[PDB]
$ cat target-v1.txt   # compact mmCIF, C-alpha atoms and all ligand atoms
# COMPACT_ATOMS: atom_id res chain seq x y z
CA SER A 2 -21.76 -2.52 -19.81
CA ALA A 3 -20.40 -3.54 -16.42
CA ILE A 4 -20.42 0.03 -15.12
CA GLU A 5 -24.05 0.64 -16.15
CA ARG A 6 -25.26 -2.56 -14.51
CA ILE A 7 -23.24 -2.05 -11.35
CA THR A 8 -24.21 1.58 -10.80
CA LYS A 9 -27.96 0.92 -10.90
CA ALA A 10 -29.38 2.15 -7.58
CA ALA A 11 -30.68 -1.33 -6.81
CA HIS A 12 -27.41 -3.18 -7.46
CA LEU A 13 -25.30 -4.59 -4.64
CA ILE A 14 -21.82 -5.68 -5.67
CA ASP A 15 -21.15 -9.33 -4.84
CA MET A 16 -18.73 -12.07 -5.84
CA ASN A 17 -20.54 -12.62 -9.14
CA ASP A 18 -19.45 -9.14 -10.22
CA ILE A 19 -15.78 -9.94 -9.56
CA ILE A 20 -13.80 -11.38 -12.46
CA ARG A 21 -11.11 -14.02 -11.90
CA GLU A 22 -7.77 -15.20 -13.30
CA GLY A 23 -8.05 -15.89 -17.01
CA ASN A 24 -10.05 -12.77 -17.69
CA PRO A 25 -7.80 -10.53 -19.84
CA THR A 26 -9.12 -7.41 -18.10
CA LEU A 27 -6.95 -8.20 -15.06
CA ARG A 28 -3.88 -8.08 -17.32
CA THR A 29 -4.87 -4.83 -19.01
CA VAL A 30 -3.70 -1.33 -18.07
CA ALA A 31 -6.75 0.65 -16.93
CA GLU A 32 -7.61 4.01 -18.47
CA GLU A 33 -7.37 7.24 -16.51
CA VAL A 34 -10.67 8.88 -15.61
CA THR A 35 -11.25 12.46 -16.78
CA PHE A 36 -12.64 15.32 -14.74
CA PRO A 37 -15.27 16.20 -14.06
CA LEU A 38 -16.39 12.64 -13.25
CA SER A 39 -19.66 11.25 -14.56
CA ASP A 40 -22.37 10.37 -12.05
CA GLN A 41 -21.69 6.70 -12.87
CA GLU A 42 -18.00 7.04 -12.00
CA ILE A 43 -18.93 8.55 -8.64
CA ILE A 44 -21.62 5.96 -7.90
CA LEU A 45 -19.18 3.21 -8.86
CA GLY A 46 -16.65 4.35 -6.25
CA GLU A 47 -19.40 4.42 -3.65
CA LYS A 48 -20.63 0.93 -4.65
CA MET A 49 -17.09 -0.40 -4.37
CA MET A 50 -16.77 1.06 -0.86
CA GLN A 51 -20.13 -0.46 0.09
CA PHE A 52 -18.87 -3.85 -1.10
CA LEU A 53 -15.84 -3.53 1.16
CA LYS A 54 -18.10 -2.63 4.09
CA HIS A 55 -20.40 -5.59 3.36
CA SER A 56 -17.45 -7.98 2.97
CA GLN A 57 -16.17 -6.96 6.41
CA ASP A 58 -19.51 -7.50 8.14
CA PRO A 59 -20.00 -11.05 9.52
CA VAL A 60 -23.74 -11.11 8.89
CA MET A 61 -23.75 -9.41 5.49
CA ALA A 62 -20.68 -11.29 4.28
CA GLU A 63 -22.37 -14.57 5.18
CA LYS A 64 -25.69 -13.54 3.62
CA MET A 65 -24.14 -12.27 0.37
CA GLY A 66 -21.49 -14.99 0.07
CA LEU A 67 -18.61 -12.50 0.15
CA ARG A 68 -14.88 -12.98 0.59
CA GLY A 69 -13.46 -10.33 2.92
CA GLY A 70 -11.40 -7.49 1.49
CA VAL A 71 -9.78 -4.22 2.52
CA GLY A 72 -9.27 -3.07 -1.06
CA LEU A 73 -10.91 -3.30 -4.48
CA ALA A 74 -10.04 -2.03 -7.95
CA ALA A 75 -12.47 -1.28 -10.78
CA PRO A 76 -10.78 -3.74 -13.16
CA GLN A 77 -11.81 -6.56 -10.82
CA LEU A 78 -15.39 -5.60 -11.75
CA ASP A 79 -14.44 -5.76 -15.45
CA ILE A 80 -14.32 -1.96 -15.59
CA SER A 81 -11.04 -0.73 -17.04
CA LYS A 82 -10.83 2.55 -15.13
CA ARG A 83 -8.22 3.76 -12.67
CA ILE A 84 -10.49 3.78 -9.64
CA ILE A 85 -9.73 2.01 -6.38
CA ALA A 86 -11.46 1.75 -3.00
CA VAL A 87 -9.58 1.12 0.24
CA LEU A 88 -11.07 0.43 3.67
CA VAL A 89 -8.72 -0.74 6.39
CA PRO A 90 -10.17 -1.16 9.89
CA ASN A 91 -8.23 -0.03 12.96
CA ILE A 92 -6.58 -2.80 14.98
CA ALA A 102 -13.18 3.02 13.24
CA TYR A 103 -11.02 2.88 10.10
CA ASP A 104 -7.27 3.39 9.71
CA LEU A 105 -7.69 4.23 6.02
CA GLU A 106 -10.93 4.94 4.13
CA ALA A 107 -10.67 6.38 0.63
CA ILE A 108 -12.12 6.14 -2.85
CA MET A 109 -9.21 7.11 -5.08
CA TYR A 110 -9.41 8.32 -8.68
CA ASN A 111 -6.24 8.08 -10.82
CA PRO A 112 -4.06 7.03 -7.87
CA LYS A 113 -0.32 7.15 -8.45
CA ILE A 114 2.74 6.35 -6.35
CA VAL A 115 4.91 9.44 -6.59
CA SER A 116 7.64 8.37 -4.17
CA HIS A 117 8.67 5.17 -2.39
CA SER A 118 11.15 3.92 0.19
CA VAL A 119 14.22 1.91 -0.67
CA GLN A 120 13.18 -0.49 2.07
CA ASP A 121 10.76 -3.22 1.00
CA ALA A 122 8.02 -4.93 2.99
CA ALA A 123 5.73 -7.94 2.71
CA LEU A 124 2.89 -9.34 4.76
CA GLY A 125 4.21 -12.28 6.77
CA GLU A 126 1.02 -14.20 6.02
CA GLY A 127 1.20 -13.68 2.25
CA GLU A 128 -1.56 -12.02 0.22
CA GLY A 129 -5.01 -13.08 -0.92
CA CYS A 130 -6.86 -11.65 -3.93
CA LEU A 131 -10.60 -11.68 -4.66
CA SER A 132 -9.78 -12.49 -8.28
CA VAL A 133 -7.63 -15.50 -7.32
CA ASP A 134 -9.40 -18.67 -6.25
CA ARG A 135 -6.36 -20.55 -5.00
CA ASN A 136 -3.59 -20.15 -2.46
CA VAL A 137 -0.30 -18.87 -3.83
CA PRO A 138 2.28 -19.03 -1.01
CA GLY A 139 5.07 -16.52 -0.61
CA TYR A 140 6.23 -13.08 0.40
CA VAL A 141 4.72 -10.53 -1.95
CA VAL A 142 7.55 -7.97 -2.08
CA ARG A 143 6.38 -4.35 -2.07
CA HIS A 144 7.69 -0.91 -1.11
CA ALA A 145 7.63 -0.44 2.67
CA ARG A 146 6.43 3.16 2.44
CA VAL A 147 4.76 5.07 -0.39
CA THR A 148 3.60 8.59 -1.16
CA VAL A 149 0.35 8.40 -3.13
CA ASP A 150 -1.30 11.12 -5.20
CA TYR A 151 -4.99 10.74 -6.07
CA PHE A 152 -8.16 12.70 -6.78
CA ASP A 153 -11.38 12.43 -4.83
CA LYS A 154 -14.86 12.52 -6.40
CA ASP A 155 -14.76 16.34 -6.48
CA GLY A 156 -11.54 16.42 -8.48
CA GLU A 157 -9.59 17.68 -5.45
CA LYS A 158 -6.01 16.36 -5.33
CA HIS A 159 -4.75 14.47 -2.27
CA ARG A 160 -1.19 13.51 -1.38
CA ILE A 161 -0.81 10.94 1.40
CA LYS A 162 1.99 8.93 2.95
CA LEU A 163 1.35 5.30 3.86
CA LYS A 164 3.23 2.66 5.82
CA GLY A 165 2.61 -0.83 7.21
CA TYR A 166 -0.60 -2.60 6.14
CA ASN A 167 -2.03 0.55 4.52
CA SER A 168 0.97 0.82 2.24
CA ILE A 169 0.61 -2.84 1.18
CA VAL A 170 -3.12 -2.61 0.40
CA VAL A 171 -2.87 0.52 -1.74
CA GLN A 172 0.01 -0.93 -3.74
CA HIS A 173 -2.00 -4.11 -4.27
CA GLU A 174 -4.97 -2.17 -5.68
CA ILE A 175 -2.80 0.10 -7.82
CA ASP A 176 -1.16 -3.05 -9.21
CA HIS A 177 -4.64 -4.13 -10.38
CA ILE A 178 -5.08 -0.96 -12.44
CA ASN A 179 -1.67 -1.68 -14.02
CA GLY A 180 -2.51 -5.27 -14.94
CA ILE A 181 -0.30 -6.70 -12.21
CA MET A 182 -1.19 -9.60 -9.86
CA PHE A 183 0.22 -10.20 -6.37
CA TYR A 184 2.10 -13.37 -7.33
CA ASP A 185 4.05 -11.36 -9.91
CA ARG A 186 6.03 -10.01 -6.94
CA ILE A 187 6.78 -13.28 -5.15
CA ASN A 188 10.34 -14.58 -5.39
CA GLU A 189 10.13 -17.34 -7.99
CA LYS A 190 12.95 -19.54 -6.67
CA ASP A 191 12.46 -19.13 -2.92
CA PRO A 192 8.98 -17.68 -2.20
CA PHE A 193 9.95 -17.12 1.44
CA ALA A 194 13.39 -15.57 0.97
CA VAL A 195 14.08 -12.72 3.39
CA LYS A 196 16.23 -10.43 1.28
CA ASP A 197 18.34 -7.66 2.73
CA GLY A 198 16.12 -4.61 3.18
CA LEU A 199 12.88 -6.62 3.34
CA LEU A 200 10.62 -5.84 6.29
CA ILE A 201 8.26 -8.73 7.15
CA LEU A 202 4.97 -7.45 8.54
CA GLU A 203 3.37 -9.54 11.28
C1 LIG A 301 -2.52 -15.61 1.64
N1 LIG A 301 -2.60 -14.98 2.93
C2 LIG A 301 -3.80 -14.54 3.39
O1 LIG A 301 -4.88 -14.64 2.83
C3 LIG A 301 -3.73 -13.92 4.71
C4 LIG A 301 -3.85 -14.72 5.82
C5 LIG A 301 -3.79 -14.14 7.06
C6 LIG A 301 -3.60 -12.78 7.17
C7 LIG A 301 -3.48 -11.99 6.05
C8 LIG A 301 -3.28 -10.53 6.20
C9 LIG A 301 -3.55 -12.56 4.80
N2 LIG A 301 -3.43 -11.78 3.65
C10 LIG A 301 -4.42 -10.88 3.24
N3 LIG A 301 -5.52 -10.80 3.99
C11 LIG A 301 -6.43 -9.93 3.56
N4 LIG A 301 -7.61 -9.82 4.30
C12 LIG A 301 -7.51 -10.29 5.66
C13 LIG A 301 -8.93 -10.50 6.16
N5 LIG A 301 -9.68 -9.27 5.98
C14 LIG A 301 -10.97 -9.44 6.51
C15 LIG A 301 -11.58 -10.67 6.47
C16 LIG A 301 -12.84 -10.84 7.00
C17 LIG A 301 -13.50 -9.78 7.58
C18 LIG A 301 -12.89 -8.55 7.62
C19 LIG A 301 -11.64 -8.39 7.09
CL1 LIG A 301 -10.90 -6.84 7.16
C20 LIG A 301 -9.75 -8.80 4.61
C21 LIG A 301 -8.33 -8.57 4.11
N6 LIG A 301 -6.29 -9.19 2.46
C22 LIG A 301 -5.16 -9.33 1.76
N7 LIG A 301 -4.99 -8.56 0.59
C23 LIG A 301 -3.58 -8.41 0.29
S1 LIG A 301 -3.20 -6.66 0.09
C24 LIG A 301 -4.95 -6.24 -0.10
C25 LIG A 301 -5.70 -7.29 0.70
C26 LIG A 301 -7.06 -7.42 0.09
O2 LIG A 301 -8.00 -6.74 0.48
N8 LIG A 301 -7.16 -8.34 -0.92
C27 LIG A 301 -8.42 -8.43 -1.61
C28 LIG A 301 -8.18 -8.06 -3.03
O3 LIG A 301 -7.97 -8.89 -3.90
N9 LIG A 301 -8.20 -6.71 -3.27
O4 LIG A 301 -7.80 -6.47 -4.61
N10 LIG A 301 -4.19 -10.18 2.13
NI NI A 302 -6.60 -8.13 -5.54

$ encode --input "target-v1.txt" --output "structure tokens" --more "lines below"
Ligand SMILES: CNC(=O)c1cccc(C)c1Nc1nc(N2CCN(c3ccccc3Cl)CC2)nc(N2CSC[C@H]2C(=O)NCC(=O)NO)n1
Ligand code: NI
Amino acid sequence: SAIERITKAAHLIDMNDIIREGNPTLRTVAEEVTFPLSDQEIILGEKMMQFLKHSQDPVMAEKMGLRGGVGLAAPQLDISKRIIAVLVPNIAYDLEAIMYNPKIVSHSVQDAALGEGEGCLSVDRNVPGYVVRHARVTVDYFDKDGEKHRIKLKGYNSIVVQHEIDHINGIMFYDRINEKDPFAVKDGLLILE
């Protein structure tokens, strides 16, 4: 299985582990993990975080052939589990978390979108447009110990977490771009830039 291969001590996640558009797994709703977690489920979260760290390092990213990322979801590794990793550097890190069964439990009426549009590791093409998301979200999740966390996110952090949660719900960023006018600025839409 993907999880067995990826959680081998020797394995370093790279782009060859990341599935792309066309793979049904990206359009599938991931299964909740149960507690207590298996060792493999814990190692997987740690491997995902290590990938994010590698992808953000100029030397390692060049050596390993990595696209940069600030978030990753298990389904992108062909593992249909509700596990995401987020690692957002400060303008050391603004947000660093491995989240098990993450869930948005509240959100703002106001929307937001990155002014530069979004890129996805599973998408090997540019898809222009404002990806419309909630401006602010309250997120529940469990850490590796089964402890519950409840956090409130805004700005870039809010966008990234919603992006990764979308992955575990079979949703892709371009699903949220305005079909007619990709760059419409609707009332209540905050453009981040
Ligand atoms: C289409 N627009 C862009 O690609 C883009 C261009 C300029 C600026 C931004 C913010 C853009 N959009 C973007 N950019 C990023 N990058 C910016 C560069 N980062 C980076 C690059 C090299 C070294 C170090 C770093 Cl930090 C990684 C994150 N991630 C995401 N997406 C949209 S929300 C989640 C985020 C992401 O991580 N996507 C990867 C993914 O598919 N996760 O599932 N979206
Ligand atoms: Ni993505």

$ residues_near_ligand --input "target-v1.txt" --ligand "ligand NI 302 (chain A)" --cutoff "9 Å" --atoms "only C-alpha atoms and all ligand atoms" --output "list in words"
residues 70, 72, 73, 74, 77, 128, 129, 130, 131, 132, 133, 170, 173, 174, 176, 177, 182 and 183 of chain A

$ residues_around --input "target-v1.txt" --residues "residue A:114" --least-positions-apart "5" --cutoff "10 Å" --atoms "all atoms listed in the file" --output "PDB file with C-alpha atoms, keeping the file's coordinate frame"
ATOM      1  CA  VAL A 147       4.760   5.070  -0.390  1.00  0.00           C
ATOM      2  CA  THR A 148       3.600   8.590  -1.160  1.00  0.00           C
ATOM      3  CA  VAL A 149       0.350   8.400  -3.130  1.00  0.00           C
ATOM      4  CA  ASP A 150      -1.300  11.120  -5.200  1.00  0.00           C
ATOM      5  CA  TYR A 151      -4.990  10.740  -6.070  1.00  0.00           C
ATOM      6  CA  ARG A 160      -1.190  13.510  -1.380  1.00  0.00           C
ATOM      7  CA  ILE A 161      -0.810  10.940   1.400  1.00  0.00           C
ATOM      8  CA  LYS A 162       1.990   8.930   2.950  1.00  0.00           C
ATOM      9  CA  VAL A 171      -2.870   0.520  -1.740  1.00  0.00           C
ATOM     10  CA  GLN A 172       0.010  -0.930  -3.740  1.00  0.00           C
ATOM     11  CA  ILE A 175      -2.800   0.100  -7.820  1.00  0.00           C
TER      12      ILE A 175
END

$ closest_residue --input "target-v1.txt" --among "A:6, A:186, A:113, A:54" --to "ligand LIG 301 (chain A)" --atoms "only C-alpha atoms and all ligand atoms"
A:54

$ residues_around --input "target-v1.txt" --residues "stretch 81-83 of chain A" --least-positions-apart "2" --cutoff "9 Å" --atoms "all atoms listed in the file" --output "list in words"
residues 26, 27, 29, 30, 31, 32, 33, 34, 74, 75, 76, 77, 78, 79, 85, 109, 110, 111, 112, 175, 177, 178 and 179 of chain A

$ closest_residue --input "target-v1.txt" --among "A:158, A:48, A:9, A:196" --to "residue A:141" --atoms "only C-alpha atoms"
A:196

$ residues_around --input "target-v1.txt" --residues "stretch 66-68 of chain A" --least-positions-apart "2" --cutoff "12 Å" --atoms "only C-alpha atoms" --output "ChimeraX atom specification"
/A:13-19,52-64,70-73,129-134

$ atom_distance --input "target-v1.txt" --atom1 "atom CA of residue A:117" --atom2 "atom CA of residue A:169"
11.9 Å

$ residues_around --input "target-v1.txt" --residues "residue A:189" --least-positions-apart "6" --cutoff "12 Å" --atoms "all atoms listed in the file" --output "PDB file with C-alpha atoms, in the frame of the given file"
ATOM      1  CA  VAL A 137      -0.300 -18.870  -3.830  1.00  0.00           C
ATOM      2  CA  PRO A 138       2.280 -19.030  -1.010  1.00  0.00           C
ATOM      3  CA  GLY A 139       5.070 -16.520  -0.610  1.00  0.00           C
ATOM      4  CA  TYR A 140       6.230 -13.080   0.400  1.00  0.00           C
ATOM      5  CA  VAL A 141       4.720 -10.530  -1.950  1.00  0.00           C
ATOM      6  CA  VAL A 142       7.550  -7.970  -2.080  1.00  0.00           C
TER       7      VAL A 142
END

$ closest_residue --input "target-v1.txt" --among "A:43, A:118, A:168, A:11" --to "ligand LIG 301 (chain A)" --atoms "all atoms listed in the file"
A:168

$ closest_residue --input "target-v1.txt" --among "A:126, A:197, A:106, A:5" --to "ligand LIG 301 (chain A)" --atoms "all atoms listed in the file"
A:126

$ axis_aligned_box --input "target-v1.txt" --around "ligand LIG 301 (chain A)" --padding-each-side "4 Å" --output "lines of an AutoDock Vina configuration file"
center_x = -8.0
center_y = -10.9
center_z = 1.5
size_x = 19.0
size_y = 17.4
size_z = 20.2

$ atom_distance --input "target-v1.txt" --atom1 "atom CA of residue A:8" --atom2 "atom CA of residue A:42"
8.4 Å

$ closest_residue --input "target-v1.txt" --among "A:166, A:188, A:123, A:199" --to "residue A:90" --atoms "all atoms listed in the file"
A:166

$ closest_residue --input "target-v1.txt" --among "A:165, A:46, A:25, A:37" --to "ligand LIG 301 (chain A)" --atoms "all atoms listed in the file"
A:165

$ atom_distance --input "target-v1.txt" --atom1 "atom CA of residue A:105" --atom2 "atom CA of residue A:3"
26.9 Å

$ build_atoms --input "target-v1.txt" --residues "stretch 71-106 of chain A" --atoms "N, CA, C and O atoms" --output "PDB file, keeping the file's coordinate frame"
ATOM      1  N   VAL A  71     -10.022  -5.587   2.054  1.00  0.00           N
ATOM      2  CA  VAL A  71      -9.780  -4.220   2.520  1.00  0.00           C
ATOM      3  C   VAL A  71      -9.446  -3.298   1.344  1.00  0.00           C
ATOM      4  O   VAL A  71      -9.245  -2.103   1.518  1.00  0.00           O
ATOM      5  N   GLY A  72      -9.431  -3.860   0.138  1.00  0.00           N
ATOM      6  CA  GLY A  72      -9.270  -3.070  -1.060  1.00  0.00           C
ATOM      7  C   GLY A  72      -9.937  -3.681  -2.282  1.00  0.00           C
ATOM      8  O   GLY A  72     -10.176  -4.887  -2.338  1.00  0.00           O
ATOM      9  N   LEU A  73     -10.264  -2.843  -3.259  1.00  0.00           N
ATOM     10  CA  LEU A  73     -10.910  -3.300  -4.480  1.00  0.00           C
ATOM     11  C   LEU A  73     -10.574  -2.330  -5.592  1.00  0.00           C
ATOM     12  O   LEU A  73     -10.478  -1.125  -5.353  1.00  0.00           O
ATOM     13  N   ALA A  74     -10.384  -2.852  -6.797  1.00  0.00           N
ATOM     14  CA  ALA A  74     -10.040  -2.030  -7.950  1.00  0.00           C
ATOM     15  C   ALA A  74     -11.069  -2.240  -9.056  1.00  0.00           C
ATOM     16  O   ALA A  74     -11.520  -3.357  -9.273  1.00  0.00           O
ATOM     17  N   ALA A  75     -11.429  -1.176  -9.763  1.00  0.00           N
ATOM     18  CA  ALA A  75     -12.470  -1.280 -10.780  1.00  0.00           C
ATOM     19  C   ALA A  75     -12.237  -2.402 -11.799  1.00  0.00           C
ATOM     20  O   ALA A  75     -13.200  -3.023 -12.249  1.00  0.00           O
ATOM     21  N   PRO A  76     -10.973  -2.671 -12.177  1.00  0.00           N
ATOM     22  CA  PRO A  76     -10.780  -3.740 -13.160  1.00  0.00           C
ATOM     23  C   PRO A  76     -11.253  -5.110 -12.683  1.00  0.00           C
ATOM     24  O   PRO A  76     -11.580  -5.963 -13.515  1.00  0.00           O
ATOM     25  N   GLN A  77     -11.285  -5.316 -11.369  1.00  0.00           N
ATOM     26  CA  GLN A  77     -11.810  -6.560 -10.820  1.00  0.00           C
ATOM     27  C   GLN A  77     -13.307  -6.703 -11.061  1.00  0.00           C
ATOM     28  O   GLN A  77     -13.851  -7.791 -10.903  1.00  0.00           O
ATOM     29  N   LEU A  78     -13.961  -5.600 -11.435  1.00  0.00           N
ATOM     30  CA  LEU A  78     -15.390  -5.600 -11.750  1.00  0.00           C
ATOM     31  C   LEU A  78     -15.577  -5.532 -13.270  1.00  0.00           C
ATOM     32  O   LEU A  78     -16.668  -5.231 -13.761  1.00  0.00           O
ATOM     33  N   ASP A  79     -14.494  -5.811 -13.990  1.00  0.00           N
ATOM     34  CA  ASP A  79     -14.440  -5.760 -15.450  1.00  0.00           C
ATOM     35  C   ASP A  79     -14.646  -4.343 -15.980  1.00  0.00           C
ATOM     36  O   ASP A  79     -15.178  -4.143 -17.074  1.00  0.00           O
ATOM     37  N   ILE A  80     -14.218  -3.360 -15.192  1.00  0.00           N
ATOM     38  CA  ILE A  80     -14.320  -1.960 -15.590  1.00  0.00           C
ATOM     39  C   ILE A  80     -12.901  -1.397 -15.639  1.00  0.00           C
ATOM     40  O   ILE A  80     -12.240  -1.257 -14.611  1.00  0.00           O
ATOM     41  N   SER A  81     -12.435  -1.092 -16.846  1.00  0.00           N
ATOM     42  CA  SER A  81     -11.040  -0.730 -17.040  1.00  0.00           C
ATOM     43  C   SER A  81     -10.799   0.757 -16.797  1.00  0.00           C
ATOM     44  O   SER A  81     -10.441   1.508 -17.706  1.00  0.00           O
ATOM     45  N   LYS A  82     -11.006   1.167 -15.548  1.00  0.00           N
ATOM     46  CA  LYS A  82     -10.830   2.550 -15.130  1.00  0.00           C
ATOM     47  C   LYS A  82      -9.947   2.588 -13.895  1.00  0.00           C
ATOM     48  O   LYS A  82      -9.966   1.665 -13.072  1.00  0.00           O
ATOM     49  N   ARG A  83      -9.167   3.656 -13.771  1.00  0.00           N
ATOM     50  CA  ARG A  83      -8.220   3.760 -12.670  1.00  0.00           C
ATOM     51  C   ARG A  83      -8.924   4.302 -11.437  1.00  0.00           C
ATOM     52  O   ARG A  83      -8.797   5.463 -11.081  1.00  0.00           O
ATOM     53  N   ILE A  84      -9.709   3.433 -10.815  1.00  0.00           N
ATOM     54  CA  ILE A  84     -10.490   3.780  -9.640  1.00  0.00           C
ATOM     55  C   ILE A  84     -10.287   2.661  -8.634  1.00  0.00           C
ATOM     56  O   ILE A  84     -10.477   1.488  -8.966  1.00  0.00           O
ATOM     57  N   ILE A  85      -9.871   3.011  -7.421  1.00  0.00           N
ATOM     58  CA  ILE A  85      -9.730   2.010  -6.380  1.00  0.00           C
ATOM     59  C   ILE A  85     -10.458   2.442  -5.113  1.00  0.00           C
ATOM     60  O   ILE A  85     -10.697   3.631  -4.910  1.00  0.00           O
ATOM     61  N   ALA A  86     -10.852   1.470  -4.297  1.00  0.00           N
ATOM     62  CA  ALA A  86     -11.460   1.750  -3.000  1.00  0.00           C
ATOM     63  C   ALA A  86     -10.637   1.031  -1.939  1.00  0.00           C
ATOM     64  O   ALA A  86     -10.221  -0.117  -2.134  1.00  0.00           O
ATOM     65  N   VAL A  87     -10.344   1.725  -0.845  1.00  0.00           N
ATOM     66  CA  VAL A  87      -9.580   1.120   0.240  1.00  0.00           C
ATOM     67  C   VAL A  87     -10.285   1.379   1.567  1.00  0.00           C
ATOM     68  O   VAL A  87     -10.775   2.485   1.824  1.00  0.00           O
ATOM     69  N   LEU A  88     -10.351   0.347   2.401  1.00  0.00           N
ATOM     70  CA  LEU A  88     -11.070   0.430   3.670  1.00  0.00           C
ATOM     71  C   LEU A  88     -10.396  -0.503   4.659  1.00  0.00           C
ATOM     72  O   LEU A  88     -10.647  -1.700   4.662  1.00  0.00           O
ATOM     73  N   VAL A  89      -9.528   0.054   5.487  1.00  0.00           N
ATOM     74  CA  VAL A  89      -8.720  -0.740   6.390  1.00  0.00           C
ATOM     75  C   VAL A  89      -9.132  -0.419   7.819  1.00  0.00           C
ATOM     76  O   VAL A  89      -8.976   0.708   8.273  1.00  0.00           O
ATOM     77  N   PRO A  90      -9.699  -1.406   8.523  1.00  0.00           N
ATOM     78  CA  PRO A  90     -10.170  -1.160   9.890  1.00  0.00           C
ATOM     79  C   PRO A  90      -8.999  -0.963  10.854  1.00  0.00           C
ATOM     80  O   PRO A  90      -7.913  -1.498  10.634  1.00  0.00           O
ATOM     81  N   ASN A  91      -9.221  -0.180  11.904  1.00  0.00           N
ATOM     82  CA  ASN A  91      -8.230  -0.030  12.960  1.00  0.00           C
ATOM     83  C   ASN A  91      -8.074  -1.308  13.767  1.00  0.00           C
ATOM     84  O   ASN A  91      -9.049  -2.014  14.007  1.00  0.00           O
ATOM     85  N   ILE A  92      -6.848  -1.604  14.185  1.00  0.00           N
ATOM     86  CA  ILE A  92      -6.580  -2.800  14.980  1.00  0.00           C
ATOM     87  C   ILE A  92      -7.466  -2.853  16.217  1.00  0.00           C
ATOM     88  O   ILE A  92      -7.083  -2.389  17.291  1.00  0.00           O
ATOM     89  N   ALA A 102     -12.648   4.286  13.731  1.00  0.00           N
ATOM     90  CA  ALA A 102     -13.180   3.020  13.240  1.00  0.00           C
ATOM     91  C   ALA A 102     -12.347   2.437  12.097  1.00  0.00           C
ATOM     92  O   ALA A 102     -12.182   1.220  11.991  1.00  0.00           O
ATOM     93  N   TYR A 103     -11.819   3.311  11.246  1.00  0.00           N
ATOM     94  CA  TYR A 103     -11.020   2.880  10.100  1.00  0.00           C
ATOM     95  C   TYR A 103      -9.676   3.592  10.069  1.00  0.00           C
ATOM     96  O   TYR A 103      -9.603   4.795  10.290  1.00  0.00           O
ATOM     97  N   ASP A 104      -8.615   2.839   9.796  1.00  0.00           N
ATOM     98  CA  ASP A 104      -7.270   3.390   9.710  1.00  0.00           C
ATOM     99  C   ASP A 104      -7.082   4.119   8.382  1.00  0.00           C
ATOM    100  O   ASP A 104      -6.378   5.123   8.306  1.00  0.00           O
ATOM    101  N   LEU A 105      -7.720   3.602   7.337  1.00  0.00           N
ATOM    102  CA  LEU A 105      -7.690   4.230   6.020  1.00  0.00           C
ATOM    103  C   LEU A 105      -9.024   3.967   5.334  1.00  0.00           C
ATOM    104  O   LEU A 105      -9.453   2.822   5.250  1.00  0.00           O
ATOM    105  N   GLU A 106      -9.692   5.036   4.896  1.00  0.00           N
ATOM    106  CA  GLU A 106     -10.930   4.940   4.130  1.00  0.00           C
ATOM    107  C   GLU A 106     -10.870   5.955   2.991  1.00  0.00           C
ATOM    108  O   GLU A 106     -10.858   7.162   3.227  1.00  0.00           O
TER     109      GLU A 106
END
